[PDB]
Every structure is written in C-alpha cells, then in structure tokens.
Amino acid sequence: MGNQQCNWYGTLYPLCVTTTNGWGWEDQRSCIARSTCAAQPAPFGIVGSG
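Per mature numbering (1 follows the signal peptide of the UniProt record, and there is no 0), the sequence shown starts with residue 153, numbered consecutively.
What follows is the structure, given as structure tokens:
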C-alpha cells in the first residue's frame, strides 16, 4: 500500500488519481485529484506515512 493523501487545509481526503482531472469519488468516500490533492500549498499536500 502506498498512495498519496490530501491534507485538505486541515482535513484528510484520499487522492483520486483516475479523477486526478479534478475532484472525484472513490473508497466509498470523496477523493481529491492528484495535484488538487497534494499539489496544493502547505500545510495542504500529500499526506500519509509510507
């Protein structure tokens, strides 16, 4: 397991790489596109430990 996360201005969201083309939905929850997920500035960005 090794996916990127979306520290969304504080909250957390799973990244939607297939919907990396904007906001998407997956994992029975809402996923945020790749850059829209993490590409955002700090403290926004890729979350997770690895």
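Think of the CB as a built atom: it goes at the ideal place given N, C-alpha and C, for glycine as much as any other residue.
I'd like the span of the beta strand (DSSP E) that includes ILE184, first residue to last.
Run containing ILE184: 181–184, per the beta strand (DSSP E) assignment.
Hey, is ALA191 close to the ligand SAM, as in C-beta under 7 Å from one of its heavy atoms?
As far as ligands go, the structure on display features none, and thus does not contain the ligand SAM.
Leaving out five residues before and five after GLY162 in sequence, what residues of the same chain have Cβ atoms less than 8 Å from its Cβ?
Cβ within range, chain order: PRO195.
Starting from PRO166, trace the beta strand (DSSP E) both ways and give me its first and last residue.
The continuous beta strand (DSSP E) containing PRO166 extends over residues 163–166.
Can the beta-carbon of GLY154 be found less than 8 Å from the beta-carbon of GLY197?
No.
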